[PDB]
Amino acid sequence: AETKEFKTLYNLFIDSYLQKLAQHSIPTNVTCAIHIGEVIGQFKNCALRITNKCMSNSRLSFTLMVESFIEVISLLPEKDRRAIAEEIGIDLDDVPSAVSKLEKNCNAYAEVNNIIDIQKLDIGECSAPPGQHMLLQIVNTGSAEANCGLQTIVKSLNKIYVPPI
């Protein structure tokens, strides 16, 4: 039959984040200044879903990006929440609109990185047991700094397994 989904926390995050992206479209899209043209990682039974859904500014991306992270991470024990939040660079006490260290780290990476309209994205490890698949929805928001934020979140939440239900 068809392979069953090997769900992780990133699935919960992206599903939350995609809902917010659809609402915060004022038009439908603007001119996507950047596109995802290159995905790297270690693939075993990987299911990638690449979509464009770009918007006006990265601050709005990171805001809903942070709302979803806080919303999803709360399903973890206390010490697990603060530990991963510190690795990504998000403060669980700040309001979801506060510029996290993640966003500043991403904004700073964009100031030196290679200009051009194509972005490479590293999804880390996309592996699932035989008979299963890891769905990994990657959304381009037309910003190099926002795509950097999603990448950091992928490479962390993707390692945390959600038992099936």
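In case it trips you up, residue 1 is the first one in the sequence shown, and so on.
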Exercise. Mean CA B-factor: is it higher for 14-22 or for 143-151?
Worked result: 14-22
Seminar exercise, completed: Mean Cα B-factor check, 24-32 vs 100-108, entry values; winner is 24-32
Seminar exercise, completed: When the entry's CA B-factors for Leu48, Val39, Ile70, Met55 are compared, the highest one belongs to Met55
Seminar exercise, completed: Note to self: of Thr63, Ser127, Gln119, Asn113, the C-alpha temperature factor tops out at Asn113
Exercise. In terms of the chain's CA B-factor thirds, is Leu75 lowest, middle or highest?
Worked result: highest
For this session: Please rank the C-alpha B-factors of the chain's modelled residues and tell me whether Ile84 sits in the lowest, middle or highest third.
Result: highest
